[PDB]
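Next up: a single chain in structure tokens, the form solved without heptanoic acid.
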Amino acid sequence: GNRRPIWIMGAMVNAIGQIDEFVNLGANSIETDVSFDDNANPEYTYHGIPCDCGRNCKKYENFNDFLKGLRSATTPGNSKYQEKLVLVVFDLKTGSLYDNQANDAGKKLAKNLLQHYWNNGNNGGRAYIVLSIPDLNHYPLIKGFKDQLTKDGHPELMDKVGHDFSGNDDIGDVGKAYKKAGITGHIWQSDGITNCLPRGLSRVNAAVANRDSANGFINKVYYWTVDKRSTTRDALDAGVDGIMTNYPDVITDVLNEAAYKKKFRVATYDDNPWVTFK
């Protein structure tokens, strides 16, 4: 049948100069860590030590500067525009917040994305955005973010946003969080661990089984962080939609092997990231 569109996602893309570095290696999407200040305002794109094996953990930007950089990379006509870059996952490091600041964090995130990435709707960046929350109890972040875009008069930008819960929670617990949040679509499900440690496919398989079921709630599944060809083959064989990596050219190489090329292709802006593949 049709080839499954795949997001090849550059990992830990936290400096503006890295956006081109990863896209030029074959990434059509990136993941970026977002730190918060004491007031739940996104502050830096910063991970810190420890991080993935082989990487510098300390590159960072003021979050709004990173957004302006991402805006340039994703706005047609800009000197820096990368047509290939279609999705950003923000790994929201809400662990530094109290649980009762989750909703505030979502409003401040929306406020900054509207201002600096979507340019108040004036020729904004065009990538789809996934808000990845590490703790199921921080689900009120989603409400906060939607309510802020609505207050600011741009509720339609929610069409460009989707959701993930990154903490490797049991799939039924994740679904219960989305039911609490009133969310029923635009759901990605991460599964993974640092490239420094081993991991199997059992939870990826559970997530894929949910995605492919008639009654499931997941739209896309992505596996992280994968730096080896054999792991990439295993994940594609398991039917994931996305693979996060420190080496986009490694994943591109596998996808260009003749057996995989018949069955997968690199996602473009044509491909809606909230739609389950069939």
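Residue indices: 1-based, along the sequence shown.
Higher mean CA temperature factor, per the PDB entry, when comparing 26-34 with 224-232: 224-232. Of the two segments examined, 178-186 and 131-139, it is 178-186 that shows the higher average Cα temperature factor in the deposited entry. Looking at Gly162, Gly200, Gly125, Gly144, the one whose CA carries the top B-factor in the deposited record is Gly200.
In this structure the maximum Cα B-factor among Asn64, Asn41, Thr245, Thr252 is found at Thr252.
In the deposited entry, the Cα temperature factor of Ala105 sits in the bottom third of values across the chain's modelled residues. The entry lists a Cα temperature factor for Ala259 that places it in the highest third of the chain's modelled residues.
When the CA B factors of the chain's modelled residues are split into thirds, the value for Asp173 lands in the highest one. Sorting the modelled residues of the chain by their CA temperature factor places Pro76 in the middle third. Sorting the modelled residues of the chain by their CA temperature factor places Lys58 in the highest third.
Keep in mind the form deposited with heptanoic acid bound is missing from the figure; the text below concerns it.
Heptanoic acid is not drawn, but in the deposited complex it has a heavy atom within 4.5 Å of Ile187. In the deposited complex, heptanoic acid sits within 4.5 Å of a heavy atom of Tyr178. Using a 4.5 Å cutoff between non-hydrogen atoms, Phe217 counts as a contact of heptanoic acid in the deposited complex. Although the partner is absent from this view, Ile183 contacts heptanoic acid in the deposited complex, with a non-hydrogen atom inside 4.5 angstroms.
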